[PDB]
Amino acid sequence: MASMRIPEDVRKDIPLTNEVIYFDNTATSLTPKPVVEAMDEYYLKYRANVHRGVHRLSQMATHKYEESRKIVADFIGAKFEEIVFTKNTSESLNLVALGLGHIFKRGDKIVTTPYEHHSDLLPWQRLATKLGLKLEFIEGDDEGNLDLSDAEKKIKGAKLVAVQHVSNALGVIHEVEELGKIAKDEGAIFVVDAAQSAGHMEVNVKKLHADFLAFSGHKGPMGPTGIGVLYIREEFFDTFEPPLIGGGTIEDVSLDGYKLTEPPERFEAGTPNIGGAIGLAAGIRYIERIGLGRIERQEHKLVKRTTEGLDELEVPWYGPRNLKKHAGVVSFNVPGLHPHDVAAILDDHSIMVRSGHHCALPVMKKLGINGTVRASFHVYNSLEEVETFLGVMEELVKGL
Amino acid sequence: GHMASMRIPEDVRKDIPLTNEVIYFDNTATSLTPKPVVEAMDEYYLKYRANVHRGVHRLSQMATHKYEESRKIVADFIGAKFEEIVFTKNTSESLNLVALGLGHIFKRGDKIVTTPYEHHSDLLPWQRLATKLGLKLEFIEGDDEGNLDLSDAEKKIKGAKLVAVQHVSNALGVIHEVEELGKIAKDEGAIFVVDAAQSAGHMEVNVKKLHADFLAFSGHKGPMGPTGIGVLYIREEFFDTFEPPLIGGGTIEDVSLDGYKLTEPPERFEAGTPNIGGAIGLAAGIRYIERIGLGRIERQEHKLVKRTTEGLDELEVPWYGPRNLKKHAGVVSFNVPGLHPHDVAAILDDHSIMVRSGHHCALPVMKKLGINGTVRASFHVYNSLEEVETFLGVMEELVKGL
Ligand SMILES: *[C@H](N[C@@H](C)C(=O)O)c1c(COP(=O)(O)O)cnc(C)c1O
Ligand SMILES: *Cc1c(COP(=O)(O)O)cnc(C)c1O
C-alpha cells in the first residue's frame, strides 16, 4: 500500500474522470495511465514472443509474462502454476465445462444460483442437455439472498456447484465461503465466477474453497480488455482436459500423435495475450497500492449515499437492504420511465450508466421486470459525483 | 486504407523504435509494432473506454462504433462479409474452434486431410478429433523443401470431409498452392480450412481467391497488431452447421433457467466481453499495412530472402525450404554444421540480431528432415538489406571461428 488521497489520487491517473461521471463499472472499469504505460512499454521497448527464446527481447518478454502470472497468482492466493490466461471470464467458465465434461455420467447433478450472468449459466445448461444431467437452482429471494438451508439440500449429492461471488444485476454478495464449505463436505467440485468481485473486495481461492475460479481483467482489476483468468486447483491438473490445444501445450508431437506439457502451459494454446497479462499485472499492482480495504470502504460510502438518496426520492432500488451484503452496484427504476430513457437522460448530464437486462434475464424474470437502470462504482468514483447524480435524479422525478 | 508514397524500408522503421536498437529477424514469432497502432489502442483506453453491445451511454456508443469499424476493416482485408468475422485470442484458438464447432458433422471413418508440415495448432485439434471419433487423418505427400505433390493432393482430397492446410510454413517458409488446393477441395465437396497465421500481412490473403470455408490468422504477426487478438472467418454457408463452442454473455436472444436461444452471427460466436482494445489495434495495423501495400511488403521480403540465401550459400551454410524463391516466404531456416541452433542464436543475440531457434512448434517438419531444429531468421517490410549484410558478416565470423 502507498500513501494517497482517495479518490483524488486515483482520479488524477484517469483523464476520463474529468469528462464524465462514470457509473458503469460493472460493465468495464476505466483504466489508469500507469496500466496503459506498462503495456506501451512492452509494445515499444521489449516486443517479442515468450517461451524463453534465446534472444534478449524474448527473454525480457518471457520474464515479464511470468512475473505477471505470479502477480495474478498472489492476488488470489494461488500458486503460479494454477493460473491460466484466457480472453475473459466467459471463456474461462466455458473451458471449465468443456474440460470437465468427461467426468460426468447421466443423472449427475449440477447446482447453481438463479441469479447467474449468462456466462455462468449457458455452459452448464449445455452440458446438462448433452449428457442428461440434472441442473438445479438454489432457492433465493428477490433481493438476491440465497436460502442456505436449501443450498445444503441441493449440494448434497452434487457433482459440481457453480456460483457467482457478486451479482452483476443485483449487487448481492453471496456467502461463497459457506457454500464452498458445503460443497467440500459433500464432495462437489466448486466453481466460482468472480468477475464482479475481483478488484473490488478480497478474492482468495483458499478462503473460498475454490476448485475453479474465473475473473476478467477489464473489470475491477483496472486491466485491459482481452485478458481473463482461470484458476485451476492443482488437484485437477490431470483430470481437466485442455479444451484448446496446440502450440505451446506440448512436449512432443509426431504425425501419429502428441504428448502435452505441464501446467500452466498445458492449458494455454498459442501465443498468449502477453501485453494484456502485463497490463493486468500492472492493474493488480495499482489496486494493491490503493488497497482493497480502501476500495471496499469507498464503494460502501457511495452505495450508502446512493441508496439513501433514492429512498428520499421514492425510487425503488434492488438487491439487499443489508449494505454489508451489497457490492458497489445499485440497480433501480424510475416509476413510469423505461430504463433506457433514464439512461439517456443521465447521459445528457455526462453520467454513464447501463440499462436493460444486464445479461441476467432469469433475474429480471424472477423479479417480474424487463430490466433496470444500473449505477456501479469503483474507488475513483466520488461522493460529489453521487450528489450530482442525485440532483439529476431529483429533477427527473420532480418533472414526472 | 490507400497506399501512400513511401520509402521502404525507411519510412516504416521511423515508426518502430526497436529497429534503432536491434536487428529483429524473429517476425514469424511476432512482429514489432508501429507507434500508430499503439496510439490507436491508447486512444481507446484513455479517451473512449467502455464496453460494447450498444449500451445507451456515449462512451459505449463510441466503443461499439469503433469495434464494429474494426470488424469491417478485418472483413475487407480478407474479402469477407462483416458477419463472417469472429474475434478470438489467436490463430490457435480459431483453429481449435473450427474443430470443436464442426466435430458433430463427422462419422466414424470419415477422412481429414492436411499437410505434413503443419504447426502444432493446425495439427493437434485434428489429431484429437480423429482419435475421439475414429476418423482417418491423412497427410498429403511432399518433399523436404515443403513442396507438396499436387497429384497426391487430388487423390487424398477426393472423399475427404475436411481439408486443413497452412498457407505458409513457419519453419520452412514454403508458400503452398492454396488456391489450387482450395479448388480441389471445392470440386470434391470437402470443407476447406486455411491457417493464414504466417501469410496475413505479408502477402495477399483473400477468402474468395483461396476458396476458404474457414480461415484463421493472428493480429500479432504480419498485420503489425497487438497480442491477444485473432480472427476466425466462417463462411456464411456454415452459419446453420457450425456449433458455437463458447457461449454466454453477448451470444443470446433469450435465456431462462430452462434454456436459451442464441443470436445471429457474428455475436453468436463471441462469448463475453471481446478484446475491444485489441480489435481496434488490429484494425490500425491493417490500415498501416494498407498504406504500405501488400505488394511492397512482398517485394521487400523477397529481396531480403534472396540476399540471405545467396549469402548463406557463399558460406556453405545449409538452408531449408524451397529453392524457387517465388514459393519462399520471408522465412529462412538454416543450421551451422557442428553447432546446436540455440548456440547460433545466442551468438547472434550477442551481436544484437534476434533470431529464433528450435523446433518452431513444427516437430513433424524436423522429424521429416531428420534434424532436431533450426535457426530461423524471418522478416517484415521494415527489415533492410543493410541488416542482412550485417547478419551475413556475423555469420561469416562465426563460421570462420569454428
Ligand atoms: C505462429 N507461429 C510462431 C509463434 C512461431 O513459429 O514461432 C503460427 C500459428 C500460431 O499462431 P498463434 O498466434 O496462435 O501463436 C499457427 N500456424 C502458423 C503457420 C504459425 O506460424
Ligand atoms: C461481466 C461478468 C461475466 C462475464 O465477464 P466477461 O468479461 O464479459 O466475460 C460473468 N459473470 C459476472 C458475474 C459478470 O459481471
# chains A, B, ... in the order shown; residues from 1 in each chain; ligands from 1
>>> residues_around(residues="residue 31 in chain B", least_positions_apart="4", cutoff="6 Å", atoms="only C-alpha atoms", output="list in words")
residues 27, 221 and 224 of chain B
>>> write_last_selection(atoms="N, CA and C atoms", output="mmCIF file, in the first residue's frame")
data_model
loop_
_atom_site.group_PDB
_atom_site.id
_atom_site.type_symbol
_atom_site.label_atom_id
_atom_site.label_comp_id
_atom_site.auth_asym_id
_atom_site.auth_seq_id
_atom_site.Cartn_x
_atom_site.Cartn_y
_atom_site.Cartn_z
ATOM 1 N N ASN B 27 10.294 -12.204 -36.890
ATOM 2 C CA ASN B 27 8.944 -11.768 -37.285
ATOM 3 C C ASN B 27 7.929 -12.929 -37.376
ATOM 4 N N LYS B 221 1.176 -11.029 -35.593
ATOM 5 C CA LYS B 221 2.142 -11.429 -36.604
ATOM 6 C C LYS B 221 2.212 -10.427 -37.753
ATOM 7 N N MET B 224 0.857 -6.553 -37.859
ATOM 8 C CA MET B 224 1.507 -5.484 -37.059
ATOM 9 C C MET B 224 0.485 -5.035 -35.960
#
>>> residues_around(residues="residue 204 in chain B", least_positions_apart="6", cutoff="9 Å", atoms="only C-alpha atoms", output="ChimeraX atom specification")
/B:77-78,294-295,298
>>> select_by_dssp(residues="range 18-225 of chain A", states="helix (DSSP H, G or I)", output="VMD selection string")
chain A and resid 18 33 to 45 56 to 76 80 to 82 89 to 103 118 to 120 122 to 131 148 to 155 176 to 186 205 to 208
>>> residues_around(residues="range 95-97 of chain B", least_positions_apart="2", cutoff="7 Å", atoms="only C-alpha atoms", output="list in words")
residues 244 of chain A; 91, 92, 93, 99, 100, 101, 121, 122, 125, 216 and 245 of chain B
>>> residues_near_ligand(ligand="ligand 2", cutoff="9 Å", atoms="only C-alpha atoms and all ligand atoms", output="PDB file with N, CA and C atoms, in the first residue's frame")
ATOM      1  N   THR A  26     -19.465  -2.029 -13.612  1.00  0.00           N
ATOM      2  CA  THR A  26     -19.773  -3.408 -13.685  1.00  0.00           C
ATOM      3  C   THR A  26     -19.541  -3.943 -15.113  1.00  0.00           C
ATOM      4  N   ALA A  27     -19.773  -3.104 -16.103  1.00  0.00           N
ATOM      5  CA  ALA A  27     -19.526  -3.484 -17.499  1.00  0.00           C
ATOM      6  C   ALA A  27     -18.039  -3.517 -17.801  1.00  0.00           C
ATOM      7  N   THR A  28     -17.348  -2.494 -17.356  1.00  0.00           N
ATOM      8  CA  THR A  28     -15.926  -2.412 -17.509  1.00  0.00           C
ATOM      9  C   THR A  28     -15.428  -1.237 -16.674  1.00  0.00           C
ATOM     10  N   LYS A  87      -9.296 -15.126 -22.530  1.00  0.00           N
ATOM     11  CA  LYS A  87      -9.693 -13.788 -23.012  1.00  0.00           C
ATOM     12  C   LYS A  87     -10.623 -13.006 -22.072  1.00  0.00           C
ATOM     13  N   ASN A  88     -11.376 -13.746 -21.279  1.00  0.00           N
ATOM     14  CA  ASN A  88     -12.335 -13.191 -20.358  1.00  0.00           C
ATOM     15  C   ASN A  88     -12.947 -14.264 -19.457  1.00  0.00           C
ATOM     16  N   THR A  89     -13.792 -13.852 -18.492  1.00  0.00           N
ATOM     17  CA  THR A  89     -14.464 -14.770 -17.615  1.00  0.00           C
ATOM     18  C   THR A  89     -15.302 -15.759 -18.327  1.00  0.00           C
ATOM     19  N   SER A  90     -15.987 -15.290 -19.405  1.00  0.00           N
ATOM     20  CA  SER A  90     -16.820 -16.212 -20.135  1.00  0.00           C
ATOM     21  C   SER A  90     -16.106 -17.352 -20.792  1.00  0.00           C
ATOM     22  N   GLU A  91     -14.935 -17.064 -21.377  1.00  0.00           N
ATOM     23  CA  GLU A  91     -14.091 -18.119 -21.880  1.00  0.00           C
ATOM     24  C   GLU A  91     -13.698 -19.109 -20.740  1.00  0.00           C
ATOM     25  N   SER A  92     -13.202 -18.534 -19.668  1.00  0.00           N
ATOM     26  CA  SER A  92     -12.817 -19.340 -18.535  1.00  0.00           C
ATOM     27  C   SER A  92     -13.928 -20.281 -18.087  1.00  0.00           C
ATOM     28  N   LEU A  93     -15.130 -19.787 -17.936  1.00  0.00           N
ATOM     29  CA  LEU A  93     -16.233 -20.693 -17.474  1.00  0.00           C
ATOM     30  C   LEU A  93     -16.621 -21.746 -18.512  1.00  0.00           C
ATOM     31  N   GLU A 116     -27.418 -16.160 -11.862  1.00  0.00           N
ATOM     32  CA  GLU A 116     -26.218 -16.140 -12.675  1.00  0.00           C
ATOM     33  C   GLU A 116     -26.296 -15.314 -13.946  1.00  0.00           C
ATOM     34  N   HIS A 117     -25.178 -14.692 -14.276  1.00  0.00           N
ATOM     35  CA  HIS A 117     -24.987 -13.996 -15.526  1.00  0.00           C
ATOM     36  C   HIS A 117     -24.990 -15.145 -16.550  1.00  0.00           C
ATOM     37  N   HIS A 118     -25.399 -14.874 -17.772  1.00  0.00           N
ATOM     38  CA  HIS A 118     -25.469 -15.901 -18.815  1.00  0.00           C
ATOM     39  C   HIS A 118     -24.207 -16.732 -19.037  1.00  0.00           C
ATOM     40  N   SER A 119     -23.056 -16.137 -18.834  1.00  0.00           N
ATOM     41  CA  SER A 119     -21.822 -16.869 -18.989  1.00  0.00           C
ATOM     42  C   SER A 119     -21.601 -17.944 -17.920  1.00  0.00           C
ATOM     43  N   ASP A 120     -22.267 -17.822 -16.771  1.00  0.00           N
ATOM     44  CA  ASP A 120     -22.177 -18.855 -15.749  1.00  0.00           C
ATOM     45  C   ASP A 120     -23.462 -19.686 -15.707  1.00  0.00           C
ATOM     46  N   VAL A 163     -21.194 -20.963  -8.626  1.00  0.00           N
ATOM     47  CA  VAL A 163     -21.803 -19.793  -8.118  1.00  0.00           C
ATOM     48  C   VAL A 163     -21.037 -18.498  -8.376  1.00  0.00           C
ATOM     49  N   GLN A 164     -21.777 -17.429  -8.499  1.00  0.00           N
ATOM     50  CA  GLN A 164     -21.202 -16.139  -8.665  1.00  0.00           C
ATOM     51  C   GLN A 164     -20.864 -15.624  -7.268  1.00  0.00           C
ATOM     52  N   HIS A 165     -19.819 -14.845  -7.182  1.00  0.00           N
ATOM     53  CA  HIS A 165     -19.433 -14.237  -5.951  1.00  0.00           C
ATOM     54  C   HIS A 165     -20.329 -13.011  -5.707  1.00  0.00           C
ATOM     55  N   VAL A 166     -20.535 -12.204  -6.737  1.00  0.00           N
ATOM     56  CA  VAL A 166     -21.265 -10.985  -6.664  1.00  0.00           C
ATOM     57  C   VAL A 166     -22.190 -10.945  -7.906  1.00  0.00           C
ATOM     58  N   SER A 167     -23.447 -10.609  -7.743  1.00  0.00           N
ATOM     59  CA  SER A 167     -24.402 -10.427  -8.865  1.00  0.00           C
ATOM     60  C   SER A 167     -24.146  -9.137  -9.545  1.00  0.00           C
ATOM     61  N   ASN A 168     -24.000  -9.250 -10.887  1.00  0.00           N
ATOM     62  CA  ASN A 168     -23.860  -8.088 -11.716  1.00  0.00           C
ATOM     63  C   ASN A 168     -25.142  -7.258 -11.921  1.00  0.00           C
ATOM     64  N   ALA A 169     -26.323  -7.876 -11.613  1.00  0.00           N
ATOM     65  CA  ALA A 169     -27.617  -7.245 -11.806  1.00  0.00           C
ATOM     66  C   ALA A 169     -28.109  -6.690 -10.466  1.00  0.00           C
ATOM     67  N   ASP A 193     -17.548 -17.782 -10.043  1.00  0.00           N
ATOM     68  CA  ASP A 193     -17.478 -16.672 -11.056  1.00  0.00           C
ATOM     69  C   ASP A 193     -17.240 -15.435 -10.223  1.00  0.00           C
ATOM     70  N   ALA A 194     -15.968 -14.963 -10.197  1.00  0.00           N
ATOM     71  CA  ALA A 194     -15.557 -13.819  -9.546  1.00  0.00           C
ATOM     72  C   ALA A 194     -15.407 -12.573 -10.377  1.00  0.00           C
ATOM     73  N   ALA A 195     -16.081 -12.540 -11.525  1.00  0.00           N
ATOM     74  CA  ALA A 195     -15.943 -11.381 -12.407  1.00  0.00           C
ATOM     75  C   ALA A 195     -16.296 -10.033 -11.820  1.00  0.00           C
ATOM     76  N   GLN A 196     -17.275 -10.035 -10.926  1.00  0.00           N
ATOM     77  CA  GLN A 196     -17.675  -8.808 -10.260  1.00  0.00           C
ATOM     78  C   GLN A 196     -17.081  -8.511  -8.881  1.00  0.00           C
ATOM     79  N   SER A 197     -16.358  -9.422  -8.352  1.00  0.00           N
ATOM     80  CA  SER A 197     -15.700  -9.225  -7.036  1.00  0.00           C
ATOM     81  C   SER A 197     -14.218  -8.885  -7.205  1.00  0.00           C
ATOM     82  N   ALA A 214     -12.870 -17.922 -11.947  1.00  0.00           N
ATOM     83  CA  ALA A 214     -12.700 -17.094 -13.115  1.00  0.00           C
ATOM     84  C   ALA A 214     -12.907 -15.626 -12.803  1.00  0.00           C
ATOM     85  N   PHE A 215     -12.123 -14.783 -13.458  1.00  0.00           N
ATOM     86  CA  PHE A 215     -12.286 -13.356 -13.383  1.00  0.00           C
ATOM     87  C   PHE A 215     -11.828 -12.649 -14.683  1.00  0.00           C
ATOM     88  N   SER A 216     -12.220 -11.389 -14.858  1.00  0.00           N
ATOM     89  CA  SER A 216     -11.863 -10.605 -16.045  1.00  0.00           C
ATOM     90  C   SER A 216     -10.983  -9.446 -15.716  1.00  0.00           C
ATOM     91  N   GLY A 217      -9.877  -9.288 -16.404  1.00  0.00           N
ATOM     92  CA  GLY A 217      -9.050  -8.155 -16.073  1.00  0.00           C
ATOM     93  C   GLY A 217      -9.619  -6.757 -16.314  1.00  0.00           C
ATOM     94  N   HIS A 218     -10.554  -6.632 -17.241  1.00  0.00           N
ATOM     95  CA  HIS A 218     -11.086  -5.329 -17.600  1.00  0.00           C
ATOM     96  C   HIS A 218     -12.099  -4.732 -16.652  1.00  0.00           C
ATOM     97  N   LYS A 219     -12.492  -5.513 -15.676  1.00  0.00           N
ATOM     98  CA  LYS A 219     -13.429  -5.056 -14.687  1.00  0.00           C
ATOM     99  C   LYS A 219     -12.701  -4.477 -13.463  1.00  0.00           C
ATOM    100  N   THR A 225      -8.678  -4.950 -21.817  1.00  0.00           N
ATOM    101  CA  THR A 225      -9.578  -5.899 -22.339  1.00  0.00           C
ATOM    102  C   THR A 225      -8.780  -7.087 -22.906  1.00  0.00           C
ATOM    103  N   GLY A 226      -9.463  -8.184 -23.165  1.00  0.00           N
ATOM    104  CA  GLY A 226      -8.839  -9.340 -23.763  1.00  0.00           C
ATOM    105  C   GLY A 226      -7.993 -10.217 -22.863  1.00  0.00           C
ATOM    106  N   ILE A 227      -8.127 -10.027 -21.553  1.00  0.00           N
ATOM    107  CA  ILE A 227      -7.362 -10.836 -20.619  1.00  0.00           C
ATOM    108  C   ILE A 227      -8.252 -11.266 -19.461  1.00  0.00           C
ATOM    109  N   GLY A 228      -8.352 -12.551 -19.360  1.00  0.00           N
ATOM    110  CA  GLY A 228      -9.119 -13.193 -18.321  1.00  0.00           C
ATOM    111  C   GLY A 228      -8.248 -14.187 -17.604  1.00  0.00           C
ATOM    112  N   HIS A 358     -28.937  -6.691 -18.372  1.00  0.00           N
ATOM    113  CA  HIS A 358     -27.605  -6.961 -17.861  1.00  0.00           C
ATOM    114  C   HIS A 358     -27.102  -8.355 -17.983  1.00  0.00           C
ATOM    115  N   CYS A 359     -27.496  -9.020 -19.075  1.00  0.00           N
ATOM    116  CA  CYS A 359     -27.157 -10.428 -19.290  1.00  0.00           C
ATOM    117  C   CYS A 359     -27.457 -11.349 -18.130  1.00  0.00           C
TER     118      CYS A 359
ATOM    119  N   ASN B  51     -17.415  -0.717 -22.510  1.00  0.00           N
ATOM    120  CA  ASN B  51     -17.803  -1.987 -23.041  1.00  0.00           C
ATOM    121  C   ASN B  51     -18.697  -1.717 -24.276  1.00  0.00           C
ATOM    122  N   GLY B 248     -22.469 -17.715 -23.994  1.00  0.00           N
ATOM    123  CA  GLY B 248     -22.689 -16.954 -22.763  1.00  0.00           C
ATOM    124  C   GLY B 248     -23.052 -15.550 -23.046  1.00  0.00           C
ATOM    125  N   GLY B 249     -22.568 -14.592 -22.248  1.00  0.00           N
ATOM    126  CA  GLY B 249     -22.916 -13.195 -22.467  1.00  0.00           C
ATOM    127  C   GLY B 249     -22.594 -12.764 -23.876  1.00  0.00           C
ATOM    128  N   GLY B 250     -23.531 -12.045 -24.463  1.00  0.00           N
ATOM    129  CA  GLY B 250     -23.447 -11.483 -25.811  1.00  0.00           C
ATOM    130  C   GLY B 250     -23.813 -12.468 -26.918  1.00  0.00           C
ATOM    131  N   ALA B 271     -18.308 -15.004 -27.075  1.00  0.00           N
ATOM    132  CA  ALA B 271     -18.811 -15.098 -25.718  1.00  0.00           C
ATOM    133  C   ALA B 271     -18.057 -14.138 -24.791  1.00  0.00           C
ATOM    134  N   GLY B 272     -18.786 -13.283 -24.118  1.00  0.00           N
ATOM    135  CA  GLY B 272     -18.201 -12.370 -23.129  1.00  0.00           C
ATOM    136  C   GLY B 272     -17.620 -11.165 -23.747  1.00  0.00           C
ATOM    137  N   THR B 273     -17.114 -10.263 -22.979  1.00  0.00           N
ATOM    138  CA  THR B 273     -16.546  -9.064 -23.458  1.00  0.00           C
ATOM    139  C   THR B 273     -15.395  -9.326 -24.395  1.00  0.00           C
ATOM    140  N   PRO B 274     -15.469  -8.867 -25.673  1.00  0.00           N
ATOM    141  CA  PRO B 274     -14.342  -9.035 -26.555  1.00  0.00           C
ATOM    142  C   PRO B 274     -13.108  -8.342 -26.211  1.00  0.00           C
TER     143      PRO B 274
END
>>> interface_residues(of="chain B", to="chain A", cutoff="7 Å", atoms="only C-alpha atoms", output="JSON, numbers by chain")
{"B": [17, 18, 29, 30, 32, 33, 38, 42, 45, 46, 47, 49, 50, 51, 55, 56, 57, 58, 89, 90, 92, 93, 96, 120, 121, 124, 125, 127, 227, 228, 246, 247, 248, 249, 255, 256, 257, 259, 271, 272, 273, 274, 275, 276, 277, 342, 345, 346, 349, 354, 355, 356, 361, 363, 364]}
>>> residues_around(residues="residue 159 in chain A", least_positions_apart="3", cutoff="6 Å", atoms="only C-alpha atoms", output="PyMOL selection string")
chain A and resi 109-110+188
>>> atom_distance(atom1="CA of residue 323 in chain A", atom2="CA of residue 304 in chain A")
7.2 Å
>>> atom_distance(atom1="CA of residue 235 in chain B", atom2="CA of residue 263 in chain B")
16.9 Å
>>> residues_around(residues="range 316-333 of chain B", least_positions_apart="4", cutoff="8 Å", atoms="only C-alpha atoms", output="ChimeraX atom specification")
/B:28,144-147,168,170-176,301-302,304-306,308-309,312,337,374-380
>>> atom_distance(atom1="CA of residue 11 in chain B", atom2="CA of residue 43 in chain B")
23.1 Å
>>> residues_around(residues="residue 219 in chain B", least_positions_apart="4", cutoff="6 Å", atoms="only C-alpha atoms", output="ChimeraX atom specification")
/B:223,225,229-230,282
>>> write_last_selection(atoms="N, CA and C atoms", output="compact mmCIF listing (two decimals), in the first residue's frame")
# COMPACT_ATOMS: atom_id res chain seq x y z
N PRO B 223 0.14 -8.70 -39.53
CA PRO B 223 -0.69 -7.50 -39.56
C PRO B 223 -0.18 -6.33 -38.67
N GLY B 225 -0.36 -5.90 -35.49
CA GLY B 225 -1.30 -5.65 -34.41
C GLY B 225 -0.74 -6.11 -33.10
N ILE B 229 -5.28 -10.93 -30.00
CA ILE B 229 -6.39 -10.83 -30.97
C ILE B 229 -6.12 -11.70 -32.16
N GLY B 230 -7.01 -12.56 -32.40
CA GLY B 230 -7.02 -13.41 -33.59
C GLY B 230 -8.30 -13.25 -34.33
N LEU B 282 -5.75 -4.06 -33.97
CA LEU B 282 -5.60 -4.86 -35.22
C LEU B 282 -6.08 -4.06 -36.41
>>> residues_around(residues="residue 100 in chain A", least_positions_apart="4", cutoff="8 Å", atoms="only C-alpha atoms", output="ChimeraX atom specification")
/A:96,104,239-241
